[PDB]
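Participant: This is the structure I have questions about; it appears just below.
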Amino acid sequence: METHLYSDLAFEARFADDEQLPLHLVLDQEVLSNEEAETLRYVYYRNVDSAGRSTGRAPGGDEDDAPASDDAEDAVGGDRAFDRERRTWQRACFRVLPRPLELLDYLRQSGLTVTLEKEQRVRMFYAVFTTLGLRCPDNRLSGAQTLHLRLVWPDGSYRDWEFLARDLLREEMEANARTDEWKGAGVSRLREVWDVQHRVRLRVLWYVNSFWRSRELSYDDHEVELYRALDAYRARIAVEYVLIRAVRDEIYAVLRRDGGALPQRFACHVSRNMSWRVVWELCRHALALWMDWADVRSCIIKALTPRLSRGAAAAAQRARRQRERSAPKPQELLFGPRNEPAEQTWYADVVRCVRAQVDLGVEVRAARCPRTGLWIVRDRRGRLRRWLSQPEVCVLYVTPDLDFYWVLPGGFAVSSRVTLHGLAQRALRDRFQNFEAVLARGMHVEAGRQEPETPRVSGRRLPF
Amino acid sequence: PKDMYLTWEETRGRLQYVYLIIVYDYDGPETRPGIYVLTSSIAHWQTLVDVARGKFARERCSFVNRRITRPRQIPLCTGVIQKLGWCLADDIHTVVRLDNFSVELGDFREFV
Amino acid sequence: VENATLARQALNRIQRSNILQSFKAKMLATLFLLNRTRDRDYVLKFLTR
Amino acid sequence: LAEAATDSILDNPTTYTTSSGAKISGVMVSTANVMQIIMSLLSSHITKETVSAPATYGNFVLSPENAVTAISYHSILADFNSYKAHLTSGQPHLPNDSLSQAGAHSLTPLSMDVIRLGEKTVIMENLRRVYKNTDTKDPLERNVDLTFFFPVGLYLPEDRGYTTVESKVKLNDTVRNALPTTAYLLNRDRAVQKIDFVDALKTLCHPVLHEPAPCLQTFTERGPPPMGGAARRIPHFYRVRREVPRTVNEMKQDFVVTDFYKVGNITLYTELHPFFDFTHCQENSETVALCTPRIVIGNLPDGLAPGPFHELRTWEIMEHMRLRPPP
Amino acid sequence: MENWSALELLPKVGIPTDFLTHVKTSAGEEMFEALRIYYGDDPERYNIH
Amino acid sequence: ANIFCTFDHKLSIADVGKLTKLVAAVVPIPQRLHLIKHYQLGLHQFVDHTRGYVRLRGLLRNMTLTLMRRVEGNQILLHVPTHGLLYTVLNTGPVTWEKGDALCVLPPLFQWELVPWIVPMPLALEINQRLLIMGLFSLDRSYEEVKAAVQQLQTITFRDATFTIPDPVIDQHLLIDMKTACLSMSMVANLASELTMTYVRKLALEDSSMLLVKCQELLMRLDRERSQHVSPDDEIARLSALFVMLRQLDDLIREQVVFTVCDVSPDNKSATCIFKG
Amino acid sequence: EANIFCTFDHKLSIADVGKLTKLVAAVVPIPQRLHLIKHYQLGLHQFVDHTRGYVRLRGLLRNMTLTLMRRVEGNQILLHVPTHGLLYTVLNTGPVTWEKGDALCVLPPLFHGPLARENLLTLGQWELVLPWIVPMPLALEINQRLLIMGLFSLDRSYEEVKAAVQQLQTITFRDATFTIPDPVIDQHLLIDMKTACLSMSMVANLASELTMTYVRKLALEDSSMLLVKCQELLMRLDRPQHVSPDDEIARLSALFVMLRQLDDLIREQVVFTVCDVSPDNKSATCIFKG
Amino acid sequence: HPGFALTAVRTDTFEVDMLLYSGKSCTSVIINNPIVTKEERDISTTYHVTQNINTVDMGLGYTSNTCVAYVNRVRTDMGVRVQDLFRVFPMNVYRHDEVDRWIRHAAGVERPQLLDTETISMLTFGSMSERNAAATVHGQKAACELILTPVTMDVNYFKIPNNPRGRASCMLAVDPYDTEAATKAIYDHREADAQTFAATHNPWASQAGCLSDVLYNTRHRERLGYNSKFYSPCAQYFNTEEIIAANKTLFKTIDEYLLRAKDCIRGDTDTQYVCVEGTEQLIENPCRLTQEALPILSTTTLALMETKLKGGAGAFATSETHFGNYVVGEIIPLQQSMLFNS
Amino acid sequence: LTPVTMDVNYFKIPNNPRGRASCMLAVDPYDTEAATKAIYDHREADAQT
Amino acid sequence: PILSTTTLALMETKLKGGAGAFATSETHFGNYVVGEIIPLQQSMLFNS
């Protein structure tokens with residue numbers, strides 16, 4: 001109730017510039033857990049048209065083509081495209097009621113007057129209230145328009161739910177003081193709607209006293225527009241998986257390039273009397289099993305995520321500028337100030353062929369050990385994890401850069417790169433660009449300090 | 001009198017100040033005056049006003065609703081606080097009247 | 001006289017509970033004195049009490 | 001008590017002397033209610049003898065150079081004249097300190113009773129006369145709390161059960177009298193009260209008793225020391241000839257009820273709450289603290305609730321519904 | 001923080017000391033406030049400044 | 001405390017009799033100094049053509065107030081009052097006081113002279129806002145109905161009070177401090193009216209109560225009965241200019257309570273009062 | 001009553017009681033007006049917490065009562081709680097410049113910039129940190145800048161707010177420099193932002209149709225420096241019909257109570273008014289309570 | 001019977017009369033002439049006369065000593081009235097409202113109260129949320145508890161005095177001024193124990209992260225919301241960091257015991273409140289030095305209680321056990337002949 | 001009375017035969033509403049046992 | 001309370017006890033003996 005009415009009047013206020021009509025929503029335990037609902041910081045949502053580009057960027061074309069350029073200094077396009085991607089999303093209103101409830105009961109406890117066609121007893125574990133405004137460009141509206149949701153926790157994580165507007169306005173347009181009249185008129189119907197992937201459903205409300213009911217828009221759903229909107233959604237999903245395709249063809253290229261005699265780049269004791277025909281055969285059987293279990297939550301996606309940040313590109317240029325310099329002169333070392341890569345955070349794909357349980361996202365802190373130390377892979381706690389002793393594993397290592405290691409058991413490795421040049425840029429950002437922190441309640445003003453406890457508007461306590 | 005008395009405190013502090021408050025409820029179409037004597041341990045007026053805002057939100061939304069429903073009528077106030085003095089924890093005796101009450105008559109500090 | 005609770009004092013409820021405990025114990029224990037105890041030491045202690 | 005206290009430092013042989021030179025070794029004070037016990041209990045060691053107490057206070061004057069060094073260096077060296085003479089003279093041992101040459105040359109007798117404990121003579125002194133008709137309580141009526149503790153509802157084992165009291169009591173053989181659920185105590189007066197489980201309900205249903213969030217938060221800080229294809233892939237699980245490692249909850253059941261508390265047990269560091277099963281498990285090849293709840297009381301381990309305990313519990317439940325002879 | 005030279009160089013007064021326990025045990029368990037235990041002979045008590 | 005003022009000039013005995021008639025009145029003082037000349041006495045050091053009223057009210061805030069105790073032939077005993085204890089004042093203002101009136105201090109508008117009015121608080125407040133709106137009207141006085149509004153705005157009705165408050169605009173020119181005061185009021189009104197629309201959105205992304213809803217409803221009623229992506233530094237300049245030009249209006253929005261009065265002498269020529277200041 | 005006593009736990013050496021006699025007629029915040037307090041509730045270190053907020057310190061410092069320090073005797077220090085309207089001497093320690101006839105109020109100690117950190121009474125685990133005694137223009141400027149910096153920082157990424165804060169956190173007053181350490185978003189801060197938004201929008205409703213367009217009429221007529229400076233931001237934003245003067249009187253009265261409620265959010269109560277200052281600015285006499 | 005077995009703890013404040021003995025000239029007193037200051041009122045004139053005393057100690061060690069000699073009454077009821085947990089944590093409500101209301105109706109507490117914020121908990125020293133009872137015939141009361149396992153072997157843990165945690169956490173046992181050693185002794189479990197040769201005795205009460213260490217330790221209580229005014233008996237046993245701070249040489253912990261570790265309870269109220277800088281009465285707490293507790297007479301059945309009452313003197317010191325029933329006898333007879341001698 | 005009442009602790013010690021306390025001396029002085037609340041209302045438990 | 005048994009055996013036991021046998025309180029299955037809190041049947045009658 002608290003955000004629905006306010007954002008309804010706010011979209012009535014801001015309707016002139018961007019014709020956004022409100023969608024009053026509530027979520028449940030199917031969308032997210034209770035712990036995730038207690039600390040949800042803020043919500044982002046994006047209007048993207050049937051052509052599939054955006055509502056923030058330019059109408060015709062963009063400076064977001066020229067697919068990847070495979071660079072380190074710009075490394076996507078620089079931060080201007082990051083500013084663009086920040087300008088795509090909007091920060092909609094947000095309210096959590098973390099307590100079990102019946103929804104129609106709760107609107108009866110408020111001033112809202114409920115009447116549905118038939119009594120649907122809805123009972124969920126908590127409530128979070130959210131309104132979304134989909135932007136009709138003209139007065140008319142396209143059925144193959146699609147939406148995006150982003151749920152942000154203060155750690156920096158995000159979850160993306162995407163769906164078409166066709167299922168949102170399917171039955172509704174076919175049938176079709178201000179705060180006092182809004183309660184008296186109230187709701188007309190309640191409707192649940194799944195996403196495009198059928199992984200989560202969520203309920204929408206429909207008030208009759210909304211200003212949506214008097215705008216008299218027109219609604220059409222042409223099939224060739226639906227045909228291209230899934231094609232634009234095809235490339236949006238495909239940005240994660242054809243990158244995994246780009247890793248696998250790189251392995252088959254360099255192994256044909258080398259000829260099958262691959263070197264060692266990792267510190268392992270070995271044993272000569274142990275057979276190696278058994279080890280080579282378990283390379284092929286397990287390598288396909290990694291492709292069978294590929295996911296967005298993987299090491300190679302986590303390798304890219306610090307690179308698509310705000311201060312990543314200028315710091316990456318600062319890295320090579322510190323390397324590519326002269327040796328310190330004899331006049332420098334006596335009177336210049338003291339001049340500054342000990343260990344790096346690597347991400348790892350651990351596959352195991354004995355039980356077919358593959359671990360995708362693994363933090364690894366690795367460093368050069370002394371006395372011609374090739375590489376040694378420790379945990380966050382110096383555990384020296386020791387999976388690569390066993391015959392049952394194969395492991396893939398990535399760097400914060402695009403350097404890439406496929407390591408056989410016994411620590412024998414294949415050193416290659418990561419090629420993303422086949423991937424375009426605007427789909428590379430919107431899947432996993434590292435978004436910046438925006439200040440809210442309980443946040444320090446200056447950039448980073450000893451942060452206090454979380455807000456945690458929860459149901460275990462009273463609100464106060 | 002016991003009906004005009006209230007607090008949000010278990011009434012055990014030493015320097016229990018008193019504060020005469022009055023509200024103006026506009027839930028009816030006429031003005032509804034609610035007079036309350038408010039004792040409190042907290043002495044500073046600003047944080048007491050934040051407490052009164054946190055406690056009396058219904059009168060605030062009724063006041064702004066009276067403003068948006070009758071723009072020809074001018075609103076008088078929303079709430080007025082005036083100090084009278086202070087007492088002790090033992091100075092109360094349940095009609096609850098005060099034995100030793102040092103008076104400090106200040107001024108009508110209003111709030112909206 | 002066991003606890004100093006003279007005529008100028010107020011009384012907490014714990015104080016009155018201790019007073020009642022001593023009331024019941026000494027009305028039970030030493031109600032009829034000379035019919036029970038015929039030893040001179042306890043009677044002397046009672047009289048100096 | 002008298003021979004455990006060491007003697008003092010200030011040599012004062014003249015003051016507080018009795019007749020015939022029997023010096024005073026100490027002083028005992030208490031309330032009058034203890035003195036009426038001691039003096040009536042110790043009738044062969046009490047005399048009303050008079051002691052020659054000092055009559056005046058020990059007026060100690062300040063030297064002028066003491067005042068000069070007091071203004072200058074913020075300190076006083078007492079009897080600066082004797083220090084100054086004996087330093088430059090040569091002898092390094094003074095006759096007396098600054099406090100023994102003050103507090104004498106006045107003697108007045110007073111009749112206060114003494115006691116005699118093996119060449120030690122202690123002045124006994126009741127301190128009622130300073131505190132009668134006085135608003136302040138006695139400091140000698142010091143308050144001391146003790147911490148009592150007792151169990152309720154326990155379970156002695158049956159393989160070591162016994163009765164050391166056979167001739168004294170005899171209980172009828174009902175189940176309600178052969179399994180404890182209550183506990184009887186004593187009040188101020190000797191009246192048998194009763195605690196049971198029902199009276200503890202102002203504690204036992206609080207939400208903080210069921211909230212393991214700081215428990216999990218401190219357990220993780222220590223750290224460690226597809227159903228669709230399943231019906232066909234059941235034999236696919238057994239083609240591999242490897243064994244599965246024994247989990248932690250199964251490792252809580254091979255311990256007897258008397259050695260589960262011993263140090264030979266390993267899994268006690270995962271036994272943290274009666275309502276949950278805190279355990280380490282494997283997720284993303286990393287040991288994580290998996291805070292899972294128990295749902296029924298049967299999930300409690302064997303050493304913490306044995307089988308025969310549940311048999312006796314269901315015997316009590318069968319007794320409660322009038323079914324102790326079963327059909 | 002304490003002038004330990006002045007404890008040595010000043011003319012002392014003589015008493016028979018009677019500790020309850022052994023004196024080094026009371027020192028090592030720091031019953032007193034300020035301590036200056038050492039061993040052997042120390043020339044620290046000479047540099048008068 | 002004690003304040004001694006003197007006169008280097010020569011004082012006539014008729015002027016001595018005139019001065020002792022002002023036995024206990026208020027005289028403003030620029031600094032609490034034990035000896036002082038009589039050129040610091042009163043308000044004659046601040047009178048000119050151009051300052052008018054708002055400079056005088058803004059200047060009497062940071063000055064202190066005394067009361068005359070006795071008059072000698074060459075020095076006047078000025079006694080600074082203290083908080084809490086009660087005193088005796090004289091009514092030099094044309095207003096006559098009643099019991100319980102909170103008294104305010106105000107400069108009088110209607111080669112050296114001694115001149116301040118002691119008005120009760122509501123009359124002072126209403127003539128303050130009357131002079132304010134009379135300065136708001138002061139630029140467009142060529143019309144007739146606003147001239148009738150000004151003529152109605154001159155005279156105030158009170159118990160034995162038919163006052164003619166003077167015209168703040170003179171020779172179609174407003175004095176510059178009243179110009180800044182009315183400009184500050186117009187700009188705080190405008191800046192409020194266009195920044196609350198942005199900041200009610202920039203605040204209700206947090207926990208929103210119903211007061212925010214009714215606030216936005218009131219604002220949309222305003223915006224429809226009348227007729228966002230801002231640069232950061234221009235926004236900072238907007239907010240800071242709002243608050244700093246608000247800050248020079250504290251002299252006009254409040255009322256310094258000075259005296260709380262008690263029982264009054266007959267003919268209302270003097271009154272016993274407490275100095276609550 | 002007024003004379004309260006504070007005892008200590010550690011012993012007293014000569015330097016500590018010397019630093020105490022250096023604090024004769026100082027000022028220390030006390031809670032609850034207790035007749036006897038320990039030295040742990042003395043001063044401000046029981047409530048100080050870095051990375052907790054400057055606003056909560058500025059709140060709860062104002063709620064503790066104030067006293068002066070005099071008459072040390074040994075294992076106790078006497079505090080005389082001042083009464084209203086009486087003339088006391090105050091020794092400042094916060095190095096801000098004082099002048100006569102000037103009002104004073106109390107702010108929590110914002111660190112000076114070199115991080116002098118002068119505890120000026122040494123113990124193991126506790127320091128006597130002193131409240132600042134700051135004149136009313138500087139303190140009102142601190143309050144206004146804290147409110148503005150709180151209002152601008154909503155819905156902003158770190159870079160633009162950092163670029164505005166590194167200028168806005170600095171402030172001068174009679175050749176000095178100050179910063180603000182813990183300016184975080186707090187619940188008291190957000191409820192004051194809510195109060196400011198409601199009151200300022202109520203000002204926006206209670207404007208007449210001539211006081212909204214007075215500045216446009218002056219920009220039509222005259223062209224002055226402050227006119228152009230106001231009109232510049234005003235243009236970046238972008239004959240009277242009926243004159244019933246009593247309605248303008250009522251509109252201005254409502255606008256006056258709303259501007260008082262807006263101004264109270266930054267302007268505190270004056271808790272000390274000076275009388276005369278020593279030219280070395282280490283002590284001055286003041287006539288008010290605490 | 002449910003599937004655990006709580007043990008209770010309680011504190012019983014006694015009124016004793018302690019006799020004191022000291023050697024001759026064990027202390028020199030220094031006094032001075034009285035000093036007169038003149039305070040003025042309207043009609044009265046309060047003169048504050050002050051006389052200063054400096055009491056210089058004389059002897060080397062403890063030249064004076066005392067012993068707790070003669071009790072005459074108790075102040076607490078020595079009862080079984082359990083601690084009101086719904087006022088030491090007034091914030092924690094259940095997630096569903098209706099099951100919370102059903103629990104409040106099943107229990108004795110009526111409604112949840114809002115906790116005080118920081119400023120008002122500064123300006124008011126505590127809460128005192130519990131209402132003083134109408135008729136108090138027996139005195140004040142306290143009874144907290146620890147959820148234990150029902151296989152707690154009582155024969156070596158409940159008949160003798162013991163620490164109710166499970167691990168003997170007396171701080172004299174460790175080497176003085178060692179931080180790792182005391183934490184290894186009172187938290188770890190890959191090592192033996194003092195006073196019992198098993199690892200623990202109550203595994204839901206010994207280590208960190210039990211319900212005990214989040215229920216009675218003031219650090220994890222401070223991480224959540226609690227009431228600082230209500231006194232708990234477990235606060236002397238489960239405040240771990242105060243005991244680790246108390247690890248000193250033993251003469252210093254004697255000084256800490258007799259000077260700074262004196263607990264205080266308010267005595268004019270019906271419940272057990274913590275004082276606000278208690279200068280009225282300092283209750284000497286001897287169990288804090290030892291970190292154990294004393295066993296009190298508890299009887300499973302009424303028949304064994306009756307055969308305990310029927311016997312003469314010395315019967316309370318024995319400990320008879322039936323088949324499943326058992327009598328734990330007190331280690332010191334303060335129920336046999338305390339109220340007998342009154 | 002009822003034939004199921006608590007024999008083992010109500011009849012062997014000295015108790016009031018009605019069942020509640022009614023001592024009028026653990027209850028506060030001159031407070032009649034607290035008196036009838038302590039003597040009659042069964043929502044408030046007995047103070048004696 | 002005053003000594004009231006319910007059967008005659010429990011009465012006859014307390015008329016054969018040694019000293020203070022009235023002051024005890026012993027219970028059978030359903031039969032019981034309420035005790036005696038003050039020896040009124042061995043003080044007034046024994047002095048005769």
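By order of appearance in the structure tokens: chains A, B, ..., then residues from 1 within every chain, and ligands from 1 in the order shown.
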Can you check which parts of chain G lie within 7 Å of chain F? Per residue, the shortest pair of atoms and distance in Å to one decimal, counting only C-alpha atoms, sorted by chain and number, as CSV.
Facilitator:
residue,atom,partner,partner_atom,distance
G:85,CA,F:83,CA,5.0
G:101,CA,F:31,CA,6.9
G:148,CA,F:239,CA,6.9
G:154,CA,F:202,CA,6.5
G:155,CA,F:202,CA,6.7
G:197,CA,F:196,CA,6.6
G:198,CA,F:215,CA,6.6
G:200,CA,F:192,CA,5.9
G:201,CA,F:196,CA,5.7
G:203,CA,F:189,CA,6.8
G:204,CA,F:193,CA,4.5
G:205,CA,F:222,CA,6.8
G:207,CA,F:189,CA,6.5
G:211,CA,F:186,CA,5.2
G:212,CA,F:186,CA,5.6
G:214,CA,F:186,CA,6.0
G:215,CA,F:186,CA,6.0
G:233,CA,F:238,CA,6.8
G:243,CA,F:146,CA,6.9
G:245,CA,F:149,CA,6.6
G:256,CA,F:253,CA,5.7
G:259,CA,F:253,CA,6.9
G:260,CA,F:253,CA,6.2
Participant: Would you save the residues of that selection, restricted to N, CA and C atoms, as an mmCIF file, in the first residue's frame?
Facilitator:
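And here's again-v2.cif as it stands now:
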data_model
loop_
_atom_site.group_PDB
_atom_site.id
_atom_site.type_symbol
_atom_site.label_atom_id
_atom_site.label_comp_id
_atom_site.auth_asym_id
_atom_site.auth_seq_id
_atom_site.Cartn_x
_atom_site.Cartn_y
_atom_site.Cartn_z
ATOM 1 N N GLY G 85 21.000 31.558 34.060
ATOM 2 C CA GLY G 85 21.181 32.989 34.126
ATOM 3 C C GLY G 85 22.285 33.473 35.033
ATOM 4 N N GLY G 101 30.311 39.477 23.463
ATOM 5 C CA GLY G 101 28.936 39.597 23.016
ATOM 6 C C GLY G 101 28.457 38.483 22.117
ATOM 7 N N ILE G 148 23.040 19.584 4.535
ATOM 8 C CA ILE G 148 23.147 19.660 3.079
ATOM 9 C C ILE G 148 23.903 18.454 2.536
ATOM 10 N N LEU G 154 22.046 11.357 -1.144
ATOM 11 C CA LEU G 154 21.047 10.342 -1.449
ATOM 12 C C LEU G 154 20.978 10.086 -2.947
ATOM 13 N N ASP G 155 20.962 8.794 -3.303
ATOM 14 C CA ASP G 155 20.908 8.299 -4.683
ATOM 15 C C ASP G 155 22.060 8.862 -5.513
ATOM 16 N N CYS G 197 11.717 17.860 4.452
ATOM 17 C CA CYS G 197 10.967 17.757 3.204
ATOM 18 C C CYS G 197 9.502 18.109 3.404
ATOM 19 N N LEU G 198 8.897 17.616 4.494
ATOM 20 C CA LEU G 198 7.496 17.927 4.773
ATOM 21 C C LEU G 198 7.294 19.413 5.044
ATOM 22 N N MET G 200 9.285 21.984 4.203
ATOM 23 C CA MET G 200 9.627 22.835 3.074
ATOM 24 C C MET G 200 8.580 22.723 1.969
ATOM 25 N N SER G 201 7.973 21.545 1.808
ATOM 26 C CA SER G 201 6.850 21.441 0.883
ATOM 27 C C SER G 201 5.622 22.167 1.411
ATOM 28 N N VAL G 203 5.812 24.948 3.108
ATOM 29 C CA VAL G 203 6.123 26.303 2.643
ATOM 30 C C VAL G 203 5.752 26.458 1.175
ATOM 31 N N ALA G 204 6.025 25.427 0.368
ATOM 32 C CA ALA G 204 5.738 25.493 -1.064
ATOM 33 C C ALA G 204 4.239 25.580 -1.342
ATOM 34 N N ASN G 205 3.414 25.010 -0.462
ATOM 35 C CA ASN G 205 1.970 25.152 -0.627
ATOM 36 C C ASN G 205 1.473 26.509 -0.160
ATOM 37 N N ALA G 207 2.508 29.604 -0.323
ATOM 38 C CA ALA G 207 3.002 30.816 -0.955
ATOM 39 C C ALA G 207 1.869 31.471 -1.728
ATOM 40 N N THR G 211 4.251 36.647 -3.927
ATOM 41 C CA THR G 211 5.549 36.377 -3.326
ATOM 42 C C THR G 211 6.285 35.261 -4.045
ATOM 43 N N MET G 212 5.631 34.593 -4.994
ATOM 44 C CA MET G 212 6.355 33.684 -5.871
ATOM 45 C C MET G 212 6.962 34.427 -7.053
ATOM 46 N N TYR G 214 7.731 37.908 -7.041
ATOM 47 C CA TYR G 214 8.367 39.156 -6.644
ATOM 48 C C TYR G 214 9.769 39.283 -7.223
ATOM 49 N N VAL G 215 10.515 38.177 -7.232
ATOM 50 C CA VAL G 215 11.897 38.207 -7.692
ATOM 51 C C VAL G 215 11.963 38.373 -9.207
ATOM 52 N N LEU G 233 20.671 30.923 -10.928
ATOM 53 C CA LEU G 233 20.116 29.640 -10.528
ATOM 54 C C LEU G 233 18.609 29.609 -10.746
ATOM 55 N N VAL G 243 -6.559 41.192 -4.358
ATOM 56 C CA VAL G 243 -5.760 41.490 -3.176
ATOM 57 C C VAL G 243 -6.662 41.545 -1.953
ATOM 58 N N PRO G 245 -5.929 41.429 1.762
ATOM 59 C CA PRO G 245 -4.680 41.454 2.546
ATOM 60 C C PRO G 245 -4.696 40.598 3.800
ATOM 61 N N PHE G 256 5.368 31.606 8.316
ATOM 62 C CA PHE G 256 6.291 31.919 9.401
ATOM 63 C C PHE G 256 6.451 30.752 10.360
ATOM 64 N N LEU G 259 8.601 28.240 8.460
ATOM 65 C CA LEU G 259 10.021 28.569 8.450
ATOM 66 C C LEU G 259 10.663 28.437 9.820
ATOM 67 N N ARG G 260 9.920 28.655 10.909
ATOM 68 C CA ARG G 260 10.495 28.359 12.219
ATOM 69 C C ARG G 260 10.728 26.866 12.389
#
Participant: Write out as a list in words each polymer residue whose atoms come within 7 Å of residue 13 of chain E, counting only C-alpha atoms; drop sequence neighbours fewer than 2 positions from it.
Facilitator: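 These residues fall inside the cut-off: residues 93, 94, 95, 96 and 97 of chain D; 11 and 15 of chain E.
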Participant: So that I have them on file, write out the residues from the current selection with C-alpha atoms, as a short mmCIF file (atom, residue, chain, number, x, y, z; two decimals), in the first residue's frame.
Facilitator:
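What landed in result_14.cif:
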data_model
loop_
_atom_site.label_atom_id
_atom_site.label_comp_id
_atom_site.auth_asym_id
_atom_site.auth_seq_id
_atom_site.Cartn_x
_atom_site.Cartn_y
_atom_site.Cartn_z
CA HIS D 93 69.99 3.62 60.82
CA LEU D 94 67.52 6.06 62.37
CA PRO D 95 66.25 5.75 65.94
CA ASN D 96 62.56 6.01 65.01
CA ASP D 97 60.24 6.97 62.18
CA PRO E 11 69.19 6.51 56.31
CA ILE E 15 62.24 -3.11 61.99
#
Participant: As a list in words, please: every residue in segment 34-64 of chain A that DSSP puts in helix (DSSP H, G or I).
Facilitator: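 For segment 34-64 of chain A, the helix (DSSP H, G or I) set is residues 34, 35, 36, 37 and 38 of chain A.
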Participant: Identify all chain E residues at most 12 Å from chain G by counting only C-alpha atoms; ligands do not count. Present them as a list in words.
Facilitator: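 So the contacting residues turn out to be residues 1, 2 and 33 of chain E.
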Participant: Using only C-alpha atoms, which residues sit within 9 Å of segment 133-147 of chain A once same-chain residues fewer than 6 positions away are excluded, as a PyMOL selection string?
Facilitator: chain A and resi 11+18-24+45-52+55+92+161-167+169-170+215-223+225-230
Participant: Figure out the distance between atom CA of residue 6 of chain A and atom CA of residue 203 of chain A, please, to one decimal in Å.
Facilitator: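 Here the two named atoms are 19.1 Å from each other.
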Participant: How many Å separate atom CA of residue 236 of chain A from atom CA of residue 88 of chain A?
Facilitator: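 These two atoms are separated by 15.3 Å.
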Participant: Tell me which protein, DNA and RNA residues are within 7 Å of segment 459-462 of chain A, counting only C-alpha atoms, leaving out same-chain ones fewer than 3 positions away, and put them as a list in words.
Facilitator: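 Skipping anything fewer than 3 positions along the chain leaves residues 98 and 99 of chain A; 91, 92, 93, 94 and 95 of chain H.
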Participant: Can you pull out the residues contacting segment 415-420 of chain A? Cut-off 7 Å, using only C-alpha atoms, and skip same-chain residues under 6 positions away; I want them as a PyMOL selection string.
Facilitator: chain A and resi 68+70+243+246-247+402-406
Participant: Give me the residues within 7 Å of segment 13-29 of chain I as JSON, numbers by chain, counting only C-alpha atoms and dropping any in the same chain fewer than 6 places off.
Facilitator: {"C": [13, 16, 17], "D": [191], "H": [134, 135, 136, 137], "I": [35, 39, 46, 47, 48], "J": [1, 37]}
